[PDB]
Amino acid sequence: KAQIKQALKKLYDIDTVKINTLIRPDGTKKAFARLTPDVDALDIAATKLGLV
Amino acid sequence: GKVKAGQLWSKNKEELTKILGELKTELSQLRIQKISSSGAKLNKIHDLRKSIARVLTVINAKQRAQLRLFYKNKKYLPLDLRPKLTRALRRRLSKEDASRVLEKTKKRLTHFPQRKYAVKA
Amino acid sequence: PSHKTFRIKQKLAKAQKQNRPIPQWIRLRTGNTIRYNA
Amino acid sequence: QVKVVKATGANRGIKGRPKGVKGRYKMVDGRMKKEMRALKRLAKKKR
Amino acid sequence: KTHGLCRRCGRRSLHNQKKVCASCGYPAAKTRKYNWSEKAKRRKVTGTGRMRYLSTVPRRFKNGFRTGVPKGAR
Amino acid sequence: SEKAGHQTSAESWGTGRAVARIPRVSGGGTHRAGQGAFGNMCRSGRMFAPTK
Amino acid sequence: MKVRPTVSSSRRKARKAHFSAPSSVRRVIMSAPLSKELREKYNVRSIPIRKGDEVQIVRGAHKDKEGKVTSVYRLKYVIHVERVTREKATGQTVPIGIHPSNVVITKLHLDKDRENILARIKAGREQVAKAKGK
Amino acid sequence: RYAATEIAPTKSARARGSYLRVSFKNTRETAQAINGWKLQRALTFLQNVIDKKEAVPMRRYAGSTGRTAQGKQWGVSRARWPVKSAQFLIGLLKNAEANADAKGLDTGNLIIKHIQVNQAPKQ
RNA sequence: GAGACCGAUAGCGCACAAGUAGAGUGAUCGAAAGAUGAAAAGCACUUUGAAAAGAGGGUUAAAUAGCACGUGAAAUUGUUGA
RNA sequence: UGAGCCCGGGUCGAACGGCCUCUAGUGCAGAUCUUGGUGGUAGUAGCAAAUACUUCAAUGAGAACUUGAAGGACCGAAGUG
RNA sequence: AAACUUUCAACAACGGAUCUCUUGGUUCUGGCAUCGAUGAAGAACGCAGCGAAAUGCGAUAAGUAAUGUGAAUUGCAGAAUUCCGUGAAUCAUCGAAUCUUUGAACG
Ligand SMILES: [Zn+2]
């Protein structure tokens with residue numbers, strides 16, 4: 001979680017309130033990063049993540 | 001989006017590091033925007049991964065060349081820069097030690113060596 | 001059971017991946033004798 | 001003591017002990033019937 | 001069960017009471033090998049796996065285990 | 001090869017069974033289980049007078 | 001007759017080599033002959049085929065048909081020549097596979113590498129011709 | 001390919017089915033029952049067989065078949081109702097009738113010239 | 001590099017994703033399984049059918065070669081005729 | 001005489017034969033032979049106990065064992081939870 | 001008379017024998033001598049745009065560097081190559097590198 005937070009802050013300029021991680025059955029990790037109220041998840045996803 | 005080995009060889013350390021950082025940032029951006037509409041962007045990402053490998057290889061080779069120049073005239077060298085050969089080949093006697101001969105044998109060969117001769121028919 | 005290890009979980013994942021079927025483009029590849037997963 | 005089982009029906013072509021729960025068993029067939037006749041003829045010839 | 005996974009050979013042949021692999025003998029440094037089972041010897045003999053380095057040795061011998069780079073290389 | 005046909009573990013089932021008195025392969029989970037072996041008259045077995 | 005011990009007269013090994021050769025050996029195998037005018041122009045008999053060559057199919061169902069080589073398909077030892085095609089059931093057009101030993105090169109794709117190849121072949125041929133003549 | 005090669009294909013309509021999950025014996029008996037008839041009469045008879053109104057005689061494969069009065073239509077006492085075999089024969093007959101309509105023949109004057117049931121690889 | 005060898009029940013267990021699939025708690029045991037066609041040119045379009053498929057039509061020298069594919073015996077079975 | 005040899009018709013596609021010697025893993029009805037395949041028995045024996053299912057409607061090419069409603073039964077907190 | 005049982009023939013089934021073929025085996029012969037703490041043999045997990053296995057490779061991951069050849073790969077998709085060029089390739093050679101977890105296995 002510390003590395004995930006540091007990477008999100010350093011690269012994509014995302015501030016996160018918290019991070020919850022699990023390991024999927026296939027072997028990959030899934031991370032739910034809950035962001036600060038100041039930023040908007042929809043705006044960040046549309047701009048930096050390219051997700052509609 | 002392909003880098004050239006000759007250009008990387010010509011460039012020095014700082015430019016190689018800057019190029020590697022640029023390639024890695026581009027790789028992250030293209031992956032995030034590739035997860036949707038992975039296409040010719042997949043092609044670009046494949047070429048960019050190969051480029052990152054090329055830059056890393058060039059940096060490592062230049063650093064090893066500098067280290068070899070540093071250890072050119074030193075008695076001990078790192079195992080990485082030491083020759084590999086095989087275990088038995090590394091444990092064999094050196095050429096000088098294997099060709100070393102006793103002084104009495106050296107005198108005998110100096111004064112009574114194998115002579116050239118022919119015998120008629 | 002519910003209590004396991006990440007390594008055994010990864011082995012289970014590899015078990016499913018091996019128990020994935022065959023691709024049709026593999027079938028259509030030239031010189032191919034593969035028909036079904038054995 | 002020993003139970004004799006014919007190698008027929010469910011007992012034909014079995015690797016080992018049949019379903020008959022017994023301490024000691026012996027399987028029989030016509031081939032060993034002829035074996036036994038030859039052995040008995042040799043015994044009579046000896047006597 | 002009396003047999004779980006051995007780390008050295010990957011089979012379910014590790015006794016849990018004796019703590020010894022029935023196939024390779026994990027605790028012992030040597031790999032279990034007997035000459036009355038040529039089938040087992042050829043099942044786990046060299047060449048049945050990947051040969052990461054022993055495969056690269058012969059080409060180096062052919063070239064003479066030479067070190068360096070070709071003249072004029074960039 | 002001198003090992004042609006000798007590379008199996010077979011034993012005769014016995015005399016009391018209504019089957020041919022031929023060495024048969026042990027096992028139980030494949031076609032080769034229970035099949036004849038070590039015979040010049042048997043499939044995947046030896047041949048009479050192996051050539052030397 | 002074979003003399004040197006390096007050479008093999010074995011059908012099995014010959015066919016293994018032919019059918020498992022890599023791409024470069026496949027190119028050398030798929031070399032094709034030159035036209036007559038090109039022969040008296042270059043003193044070269046044959047040359048590996050490539051994509052820029054114009055050839056004339058002289059054997060097969062297509063008797064004497066010319067065209068520009070569109071694709072050389074080294075995996076199945078065939079080349080694709082322009083317009084020597086057949087329609088599938090659907091009407092979609094697919095090229096026919098014609099062998100380089102069956103095509104004859106009419107106009108050659110000139111570049112530095114192939115000029116060097118032709119120069120080397122000519123040098124060898126003229127040296128041996130001079131040696132045989134005198 | 002078809003066994004009966006002496007019939008011209010421009011005047012006849014043919015249907016075929018391979019690897020059908022039905023009983024070979026029952027299918028043979030019912031095909032022999034419907035052999036040589038008009039298409040409409042065969043269809044009506046097969047639907048009656050499904051509805052348990054008429055039954056096919058058990059002639060060759062007739063092990064321990066109970067008797068029924070309908071058997072007197074065939075001069076036999078042992079008759080049976082192979083519903084699934086009847087259904088598949090109806091399917092093939094409708095396919096053949098569609099083929100005859102496509103070729104333009106008169107469907108009212110068609111007879112079943114050839115019928116054959118062979119064994120398929122066993123499952 | 002070769003052979004008066006064997007030629008898919010033969011020859012190594014293995015001509016093939018074979019020490020594989022599978023069996024045994026385990027030491028271990030351990031198979032079966034090659035071939036369309038010169039070239040996929042692996043049947044467009046129409047019709048019946050829920051579909052699988054079928055019938056026209058078409059490719060090819062050949063579909064009496066349709067990916068249950070070279071040739072295709074006997075056992076056994078169906079139809080036809082005597 | 002015979003083991004056998006030869007020709008015709010159909011199928012099929014790529015190699016094969018006669019003669020004199022040489023050579024051998026060379027000739028089959030059996031071996032409760034080996035492997036593979038196929039029969040009669042035979043559409044035969046047989047497809048258990050847990051009391052028990054019924055009506056309408058919907059889906060569907062096709063409905064006893066797909067679903068919704070209603071009726072009749074059951075596990076009976078030491079359960080068919 | 002039909003049906004049924006049996007016989008003969010043609011076609012069609014079942015089945016995979018015979019003939020043909022062989023990137024396989026088997027035997028003989030010839031040149032050579034080369035595993036490993038600089039971490040071997042073996043096991044494990046990952047790596048392709050689309051891959052399950054075989055194969056290759058190791059987070060530089062069906063691969064990088066260098067040399068050579070000289071214009072491909074291919075099942076599809078997308079890119080190439082200006083071709084009068086340090087340069088395509090599931091290419092060859094191969095002297096530099098990368099080389100995850102165990103395994104003699106070593107906090
Ligand atoms: Zn072990």
# chains A, B, ... in the order shown; residues from 1 in each chain; ligands from 1
>>> residues_near_ligand(ligand="ligand 1", cutoff="6 Å", atoms="only C-alpha atoms (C1' of nucleotides) and all ligand atoms", output="ChimeraX atom specification")
/E:6,8-9,21,23-26
>>> select_by_dssp(residues="stretch 3-73 of chain E", states="strand (DSSP E)", output="list in words")
residues 4, 5, 12, 13 and 14 of chain E
>>> closest_atom_pairs(of="chain I", to="chain H", cutoff="7 Å", atoms="only C-alpha atoms (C1' of nucleotides)", output="Markdown table")
| residue | atom | partner | partner_atom | distance |
| --- | --- | --- | --- | --- |
| I:47 | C1' | H:102 | CA | 6.7 |
| I:48 | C1' | H:98 | CA | 5.3 |
| I:54 | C1' | H:15 | CA | 6.0 |
| I:55 | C1' | H:99 | CA | 5.4 |
| I:77 | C1' | H:119 | CA | 6.9 |
| I:78 | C1' | H:118 | CA | 5.1 |
| I:79 | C1' | H:116 | CA | 5.6 |
>>> residues_around(residues="stretch 45-52 of chain G", least_positions_apart="5", cutoff="8 Å", atoms="only C-alpha atoms (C1' of nucleotides)", output="PyMOL selection string")
(chain G and resi 27-34+39+68-72+100+108-109) or (chain K and resi 71)
>>> residues_around(residues="residue F:33", least_positions_apart="3", cutoff="12 Å", atoms="only C-alpha atoms (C1' of nucleotides)", output="PDB file with N, CA and C atoms (P, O5', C5', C4', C3', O3' and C1' of nucleotides), in the first residue's frame")
ATOM      1  N   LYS D  15      -7.712 -60.738 -11.147  1.00  0.00           N
ATOM      2  CA  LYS D  15      -6.314 -60.581 -10.756  1.00  0.00           C
ATOM      3  C   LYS D  15      -6.004 -61.336  -9.472  1.00  0.00           C
TER       4      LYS D  15
ATOM      5  N   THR F   8       9.664 -53.715 -18.940  1.00  0.00           N
ATOM      6  CA  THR F   8       8.358 -53.735 -18.304  1.00  0.00           C
ATOM      7  C   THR F   8       8.415 -54.648 -17.093  1.00  0.00           C
ATOM      8  N   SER F   9       7.418 -54.505 -16.229  1.00  0.00           N
ATOM      9  CA  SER F   9       7.276 -55.330 -15.037  1.00  0.00           C
ATOM     10  C   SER F   9       5.986 -56.126 -15.172  1.00  0.00           C
ATOM     11  N   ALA F  10       6.117 -57.411 -15.479  1.00  0.00           N
ATOM     12  CA  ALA F  10       4.971 -58.276 -15.703  1.00  0.00           C
ATOM     13  C   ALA F  10       5.149 -59.575 -14.933  1.00  0.00           C
ATOM     14  N   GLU F  11       4.025 -60.149 -14.515  1.00  0.00           N
ATOM     15  CA  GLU F  11       4.021 -61.423 -13.816  1.00  0.00           C
ATOM     16  C   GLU F  11       2.777 -62.195 -14.224  1.00  0.00           C
ATOM     17  N   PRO F  23       2.762 -63.601 -18.762  1.00  0.00           N
ATOM     18  CA  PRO F  23       3.080 -62.432 -17.931  1.00  0.00           C
ATOM     19  C   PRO F  23       2.242 -61.233 -18.346  1.00  0.00           C
ATOM     20  N   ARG F  24       1.641 -60.577 -17.359  1.00  0.00           N
ATOM     21  CA  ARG F  24       0.742 -59.459 -17.597  1.00  0.00           C
ATOM     22  C   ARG F  24       1.202 -58.245 -16.806  1.00  0.00           C
ATOM     23  N   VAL F  25       1.050 -57.070 -17.412  1.00  0.00           N
ATOM     24  CA  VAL F  25       1.553 -55.840 -16.817  1.00  0.00           C
ATOM     25  C   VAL F  25       0.655 -55.426 -15.662  1.00  0.00           C
ATOM     26  N   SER F  26       1.269 -55.051 -14.543  1.00  0.00           N
ATOM     27  CA  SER F  26       0.529 -54.525 -13.411  1.00  0.00           C
ATOM     28  C   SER F  26       0.125 -53.074 -13.666  1.00  0.00           C
ATOM     29  N   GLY F  27      -0.650 -52.521 -12.737  1.00  0.00           N
ATOM     30  CA  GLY F  27      -1.123 -51.156 -12.870  1.00  0.00           C
ATOM     31  C   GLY F  27      -2.600 -51.010 -12.576  1.00  0.00           C
ATOM     32  N   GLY F  28      -3.369 -50.539 -13.554  1.00  0.00           N
ATOM     33  CA  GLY F  28      -4.806 -50.450 -13.387  1.00  0.00           C
ATOM     34  C   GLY F  28      -5.436 -49.166 -13.886  1.00  0.00           C
ATOM     35  N   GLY F  29      -4.647 -48.297 -14.511  1.00  0.00           N
ATOM     36  CA  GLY F  29      -5.177 -47.029 -14.972  1.00  0.00           C
ATOM     37  C   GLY F  29      -4.859 -46.692 -16.413  1.00  0.00           C
ATOM     38  N   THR F  30      -4.520 -47.700 -17.211  1.00  0.00           N
ATOM     39  CA  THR F  30      -4.141 -47.502 -18.600  1.00  0.00           C
ATOM     40  C   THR F  30      -4.398 -48.780 -19.384  1.00  0.00           C
ATOM     41  N   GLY F  36      -0.477 -58.900 -22.118  1.00  0.00           N
ATOM     42  CA  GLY F  36       0.648 -59.807 -22.195  1.00  0.00           C
ATOM     43  C   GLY F  36       1.946 -59.086 -22.503  1.00  0.00           C
ATOM     44  N   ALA F  37       3.046 -59.680 -22.053  1.00  0.00           N
ATOM     45  CA  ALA F  37       4.372 -59.116 -22.249  1.00  0.00           C
ATOM     46  C   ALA F  37       5.393 -60.243 -22.188  1.00  0.00           C
TER      47      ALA F  37
ATOM     48  P     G I  22      -4.237 -36.800 -16.226  1.00  0.00           P
ATOM     49  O5'   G I  22      -4.502 -38.325 -15.858  1.00  0.00           O
ATOM     50  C5'   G I  22      -5.736 -38.947 -16.176  1.00  0.00           C
ATOM     51  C4'   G I  22      -5.612 -40.450 -16.182  1.00  0.00           C
ATOM     52  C3'   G I  22      -5.281 -41.098 -14.848  1.00  0.00           C
ATOM     53  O3'   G I  22      -6.411 -41.262 -14.012  1.00  0.00           O
ATOM     54  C1'   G I  22      -3.856 -41.969 -16.503  1.00  0.00           C
ATOM     55  P     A I  23      -6.231 -41.288 -12.418  1.00  0.00           P
ATOM     56  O5'   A I  23      -5.486 -42.664 -12.133  1.00  0.00           O
ATOM     57  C5'   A I  23      -6.147 -43.905 -12.324  1.00  0.00           C
ATOM     58  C4'   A I  23      -5.366 -45.039 -11.715  1.00  0.00           C
ATOM     59  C3'   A I  23      -4.881 -44.815 -10.294  1.00  0.00           C
ATOM     60  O3'   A I  23      -5.882 -45.060  -9.327  1.00  0.00           O
ATOM     61  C1'   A I  23      -3.107 -45.644 -11.603  1.00  0.00           C
ATOM     62  P     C I  29       9.031 -48.749 -12.651  1.00  0.00           P
ATOM     63  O5'   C I  29       7.511 -48.994 -13.046  1.00  0.00           O
ATOM     64  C5'   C I  29       6.826 -50.146 -12.582  1.00  0.00           C
ATOM     65  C4'   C I  29       5.358 -50.094 -12.915  1.00  0.00           C
ATOM     66  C3'   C I  29       5.010 -49.770 -14.354  1.00  0.00           C
ATOM     67  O3'   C I  29       5.139 -50.883 -15.218  1.00  0.00           O
ATOM     68  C1'   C I  29       3.637 -48.512 -12.906  1.00  0.00           C
ATOM     69  P     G I  30       5.813 -50.703 -16.662  1.00  0.00           P
ATOM     70  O5'   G I  30       4.897 -49.618 -17.381  1.00  0.00           O
ATOM     71  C5'   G I  30       3.542 -49.904 -17.690  1.00  0.00           C
ATOM     72  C4'   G I  30       2.773 -48.664 -18.071  1.00  0.00           C
ATOM     73  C3'   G I  30       3.264 -47.913 -19.291  1.00  0.00           C
ATOM     74  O3'   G I  30       2.905 -48.533 -20.510  1.00  0.00           O
ATOM     75  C1'   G I  30       2.785 -46.376 -17.575  1.00  0.00           C
ATOM     76  P     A I  31       3.973 -48.601 -21.705  1.00  0.00           P
ATOM     77  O5'   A I  31       3.695 -47.271 -22.529  1.00  0.00           O
ATOM     78  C5'   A I  31       2.924 -47.301 -23.718  1.00  0.00           C
ATOM     79  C4'   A I  31       1.476 -47.617 -23.441  1.00  0.00           C
ATOM     80  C3'   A I  31       0.520 -47.373 -24.598  1.00  0.00           C
ATOM     81  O3'   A I  31       0.502 -48.444 -25.523  1.00  0.00           O
ATOM     82  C1'   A I  31      -0.366 -46.418 -22.630  1.00  0.00           C
TER      83        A I  31
END
>>> residues_around(residues="residue K:56", least_positions_apart="3", cutoff="12 Å", atoms="only C-alpha atoms (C1' of nucleotides)", output="PyMOL selection string")
(chain E and resi 50+52) or (chain K and resi 47-48+61-63+90)
>>> write_last_selection(atoms="N, CA, C and O atoms (P, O5', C5', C4', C3', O3' and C1' of nucleotides)", output="PDB file, in the first residue's frame")
ATOM      1  N   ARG E  50      15.194 -28.423 -18.505  1.00  0.00           N
ATOM      2  CA  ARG E  50      15.378 -27.224 -19.309  1.00  0.00           C
ATOM      3  C   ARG E  50      16.808 -27.032 -19.794  1.00  0.00           C
ATOM      4  O   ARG E  50      17.005 -26.591 -20.931  1.00  0.00           O
ATOM      5  N   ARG E  52      19.489 -24.919 -18.647  1.00  0.00           N
ATOM      6  CA  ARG E  52      19.651 -23.481 -18.829  1.00  0.00           C
ATOM      7  C   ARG E  52      21.078 -23.112 -19.231  1.00  0.00           C
ATOM      8  O   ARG E  52      21.292 -22.134 -19.957  1.00  0.00           O
TER       9      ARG E  52
ATOM     10  P     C K  47       2.221 -13.547 -17.501  1.00  0.00           P
ATOM     11  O5'   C K  47       3.340 -13.126 -18.546  1.00  0.00           O
ATOM     12  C5'   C K  47       4.165 -11.995 -18.313  1.00  0.00           C
ATOM     13  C4'   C K  47       5.241 -11.899 -19.358  1.00  0.00           C
ATOM     14  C3'   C K  47       4.800 -12.260 -20.765  1.00  0.00           C
ATOM     15  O3'   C K  47       4.164 -11.186 -21.427  1.00  0.00           O
ATOM     16  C1'   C K  47       6.808 -13.389 -20.258  1.00  0.00           C
ATOM     17  P     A K  48       2.885 -11.460 -22.350  1.00  0.00           P
ATOM     18  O5'   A K  48       3.514 -11.943 -23.728  1.00  0.00           O
ATOM     19  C5'   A K  48       4.600 -11.240 -24.317  1.00  0.00           C
ATOM     20  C4'   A K  48       4.525 -11.265 -25.821  1.00  0.00           C
ATOM     21  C3'   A K  48       3.244 -10.681 -26.404  1.00  0.00           C
ATOM     22  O3'   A K  48       3.524 -10.001 -27.624  1.00  0.00           O
ATOM     23  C1'   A K  48       3.434 -12.967 -27.019  1.00  0.00           C
ATOM     24  P     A K  61      11.968  -7.095 -21.918  1.00  0.00           P
ATOM     25  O5'   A K  61      11.606  -8.631 -22.098  1.00  0.00           O
ATOM     26  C5'   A K  61      12.622  -9.592 -22.323  1.00  0.00           C
ATOM     27  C4'   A K  61      12.193 -10.955 -21.847  1.00  0.00           C
ATOM     28  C3'   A K  61      10.827 -11.418 -22.310  1.00  0.00           C
ATOM     29  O3'   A K  61      10.828 -11.913 -23.633  1.00  0.00           O
ATOM     30  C1'   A K  61      11.045 -11.826 -20.003  1.00  0.00           C
ATOM     31  P     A K  62       9.549 -11.683 -24.576  1.00  0.00           P
ATOM     32  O5'   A K  62       9.366 -13.082 -25.311  1.00  0.00           O
ATOM     33  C5'   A K  62       8.668 -13.172 -26.545  1.00  0.00           C
ATOM     34  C4'   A K  62       9.335 -14.145 -27.483  1.00  0.00           C
ATOM     35  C3'   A K  62       8.723 -14.225 -28.878  1.00  0.00           C
ATOM     36  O3'   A K  62       9.756 -14.474 -29.830  1.00  0.00           O
ATOM     37  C1'   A K  62       8.639 -16.349 -27.859  1.00  0.00           C
ATOM     38  P     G K  63      10.490 -13.253 -30.578  1.00  0.00           P
ATOM     39  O5'   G K  63      11.032 -12.333 -29.396  1.00  0.00           O
ATOM     40  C5'   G K  63      12.374 -12.432 -28.939  1.00  0.00           C
ATOM     41  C4'   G K  63      12.590 -11.597 -27.701  1.00  0.00           C
ATOM     42  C3'   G K  63      13.830 -10.721 -27.681  1.00  0.00           C
ATOM     43  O3'   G K  63      13.702  -9.529 -28.438  1.00  0.00           O
ATOM     44  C1'   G K  63      13.648 -11.849 -25.621  1.00  0.00           C
ATOM     45  P     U K  90      10.662 -11.672 -36.589  1.00  0.00           P
ATOM     46  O5'   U K  90      11.026 -12.614 -35.361  1.00  0.00           O
ATOM     47  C5'   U K  90      10.091 -13.569 -34.877  1.00  0.00           C
ATOM     48  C4'   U K  90      10.705 -14.941 -34.785  1.00  0.00           C
ATOM     49  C3'   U K  90      11.327 -15.452 -36.079  1.00  0.00           C
ATOM     50  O3'   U K  90      12.445 -16.284 -35.776  1.00  0.00           O
ATOM     51  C1'   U K  90       9.553 -16.881 -35.436  1.00  0.00           C
TER      52        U K  90
END
>>> interface_residues(of="chain K", to="chain C", cutoff="12 Å", atoms="only C-alpha atoms (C1' of nucleotides)", output="PyMOL selection string")
chain K and resi 44-46+50-54+74-76+101
>>> write_last_selection(atoms="C-alpha atoms (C1' of nucleotides)", output="PDB file, in the first residue's frame")
ATOM      1  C1'   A K  44       8.393 -23.768  -9.640  1.00  0.00           C
ATOM      2  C1'   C K  45       6.120 -19.210 -11.211  1.00  0.00           C
ATOM      3  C1'   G K  46       5.769 -15.665 -14.876  1.00  0.00           C
ATOM      4  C1'   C K  50      -4.776 -12.154 -29.976  1.00  0.00           C
ATOM      5  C1'   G K  51      -1.631 -19.092 -26.657  1.00  0.00           C
ATOM      6  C1'   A K  52      -3.901 -24.048 -23.804  1.00  0.00           C
ATOM      7  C1'   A K  53       0.455 -27.629 -24.701  1.00  0.00           C
ATOM      8  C1'   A K  54       5.350 -28.463 -26.902  1.00  0.00           C
ATOM      9  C1'   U K  74       2.275 -14.668 -41.671  1.00  0.00           C
ATOM     10  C1'   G K  75      -3.425 -17.462 -38.985  1.00  0.00           C
ATOM     11  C1'   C K  76      -5.477 -12.611 -38.521  1.00  0.00           C
ATOM     12  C1'   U K 101      11.552 -18.511  -6.336  1.00  0.00           C
TER      13        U K 101
END
>>> select_by_dssp(residues="stretch 31-62 of chain B", states="helix (DSSP H, G or I)", output="count of residues only")
27
>>> closest_atom_pairs(of="chain K", to="chain G", cutoff="10 Å", atoms="only C-alpha atoms (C1' of nucleotides)", output="tab-separated table")
residue	atom	partner	partner_atom	distance
K:22	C1'	G:12	CA	8.5
K:23	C1'	G:16	CA	4.4
K:30	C1'	G:5	CA	9.9
K:69	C1'	G:24	CA	7.7
K:70	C1'	G:113	CA	6.4
K:71	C1'	G:50	CA	7.3
K:72	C1'	G:72	CA	8.6
K:73	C1'	G:73	CA	9.2
K:74	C1'	G:73	CA	8.4
K:83	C1'	G:111	CA	6.0
K:84	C1'	G:111	CA	5.4
K:85	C1'	G:112	CA	8.3
K:89	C1'	G:23	CA	7.8
K:90	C1'	G:23	CA	9.7
K:91	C1'	G:23	CA	5.3
K:92	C1'	G:24	CA	7.2
>>> write_last_selection(atoms="C-alpha atoms (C1' of nucleotides)", output="PDB file, in the first residue's frame")
ATOM      1  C1'   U K  22       8.475 -41.840 -43.400  1.00  0.00           C
ATOM      2  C1'   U K  23      11.634 -34.585 -40.412  1.00  0.00           C
ATOM      3  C1'   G K  30      35.053 -41.900 -37.487  1.00  0.00           C
ATOM      4  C1'   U K  69      23.379 -12.032 -44.721  1.00  0.00           C
ATOM      5  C1'   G K  70      20.453  -8.887 -47.395  1.00  0.00           C
ATOM      6  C1'   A K  71      14.234  -7.352 -47.707  1.00  0.00           C
ATOM      7  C1'   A K  72      10.880  -9.984 -44.625  1.00  0.00           C
ATOM      8  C1'   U K  73       6.849 -12.427 -40.651  1.00  0.00           C
ATOM      9  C1'   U K  74       2.275 -14.668 -41.671  1.00  0.00           C
ATOM     10  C1'   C K  83      15.330  -0.184 -52.219  1.00  0.00           C
ATOM     11  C1'   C K  84      20.625   2.950 -54.227  1.00  0.00           C
ATOM     12  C1'   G K  85      20.541   1.094 -46.951  1.00  0.00           C
ATOM     13  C1'   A K  89      13.737 -11.298 -40.493  1.00  0.00           C
ATOM     14  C1'   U K  90       9.553 -16.881 -35.436  1.00  0.00           C
ATOM     15  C1'   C K  91      17.090 -15.410 -39.906  1.00  0.00           C
ATOM     16  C1'   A K  92      22.012 -17.263 -38.984  1.00  0.00           C
TER      17        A K  92
END
>>> residues_around(residues="stretch 6-12 of chain I", least_positions_apart="3", cutoff="12 Å", atoms="only C-alpha atoms (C1' of nucleotides)", output="ChimeraX atom specification")
/F:1-7,41-47 /I:15-16,18,32-35 /J:25,34-36 /K:17,20-22,24-27
>>> closest_residue(among="B:85, B:48, B:93, B:32", to="residue A:47", atoms="only C-alpha atoms")
B:32
>>> closest_atom_pairs(of="chain H", to="chain J", cutoff="10 Å", atoms="only C-alpha atoms (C1' of nucleotides)", output="Markdown table")
| residue | atom | partner | partner_atom | distance |
| --- | --- | --- | --- | --- |
| H:23 | CA | J:43 | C1' | 8.2 |
| H:24 | CA | J:43 | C1' | 9.4 |
| H:25 | CA | J:43 | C1' | 7.2 |
| H:26 | CA | J:43 | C1' | 7.9 |
| H:61 | CA | J:43 | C1' | 7.3 |
| H:62 | CA | J:43 | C1' | 7.8 |
| H:63 | CA | J:42 | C1' | 6.7 |
| H:64 | CA | J:44 | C1' | 7.5 |
| H:65 | CA | J:43 | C1' | 9.4 |
>>> closest_atom_pairs(of="stretch 24-48 of chain A", to="stretch 12-15 of chain A", cutoff="9 Å", atoms="only C-alpha atoms", output="JSON lines")
{"residue": "A:34", "atom": "CA", "partner": "A:15", "partner_atom": "CA", "distance": 8.8}
{"residue": "A:35", "atom": "CA", "partner": "A:15", "partner_atom": "CA", "distance": 5.9}
{"residue": "A:36", "atom": "CA", "partner": "A:15", "partner_atom": "CA", "distance": 6.1}
{"residue": "A:39", "atom": "CA", "partner": "A:15", "partner_atom": "CA", "distance": 7.9}
{"residue": "A:44", "atom": "CA", "partner": "A:14", "partner_atom": "CA", "distance": 8.3}
{"residue": "A:48", "atom": "CA", "partner": "A:12", "partner_atom": "CA", "distance": 7.3}
>>> closest_atom_pairs(of="chain I", to="chain E", cutoff="7 Å", atoms="only C-alpha atoms (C1' of nucleotides)", output="CSV")
residue,atom,partner,partner_atom,distance
I:19,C1',E:43,CA,6.1
I:25,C1',E:2,CA,6.3
I:26,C1',E:13,CA,6.7
I:27,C1',E:22,CA,6.5
>>> atom_distance(atom1="atom CA of residue G:129", atom2="atom CA of residue G:43")
10.8 Å
>>> residues_around(residues="stretch 23-35 of chain D", least_positions_apart="4", cutoff="6 Å", atoms="only C-alpha atoms (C1' of nucleotides)", output="short mmCIF file (atom, residue, chain, number, x, y, z; two decimals) with N, CA, C and O atoms, in the first residue's frame")
data_model
loop_
_atom_site.label_atom_id
_atom_site.label_comp_id
_atom_site.auth_asym_id
_atom_site.auth_seq_id
_atom_site.Cartn_x
_atom_site.Cartn_y
_atom_site.Cartn_z
N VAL D 2 -9.43 -74.94 3.13
CA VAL D 2 -9.25 -74.16 1.91
C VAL D 2 -10.54 -74.23 1.09
O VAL D 2 -11.19 -75.28 1.02
N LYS D 3 -10.92 -73.10 0.51
CA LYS D 3 -12.12 -73.04 -0.31
C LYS D 3 -11.75 -73.07 -1.79
O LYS D 3 -10.88 -72.33 -2.25
N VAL D 4 -12.43 -73.94 -2.53
CA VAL D 4 -12.19 -74.12 -3.96
C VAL D 4 -13.19 -73.27 -4.72
O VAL D 4 -14.40 -73.35 -4.48
N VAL D 5 -12.68 -72.45 -5.64
CA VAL D 5 -13.50 -71.54 -6.44
C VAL D 5 -13.29 -71.87 -7.91
O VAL D 5 -12.14 -71.95 -8.38
N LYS D 6 -14.39 -72.08 -8.63
CA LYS D 6 -14.36 -72.21 -10.08
C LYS D 6 -14.18 -70.83 -10.70
O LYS D 6 -14.83 -69.86 -10.29
N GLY F 16 -5.04 -70.94 -11.67
CA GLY F 16 -6.45 -71.20 -11.44
C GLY F 16 -7.41 -70.29 -12.18
O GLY F 16 -8.61 -70.56 -12.18
#
>>> closest_residue(among="E:67, E:56, E:16, E:46", to="chain B", atoms="only C-alpha atoms")
E:67
>>> closest_residue(among="I:56, I:2, I:49, I:24", to="residue H:9", atoms="only C-alpha atoms (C1' of nucleotides)")
I:56
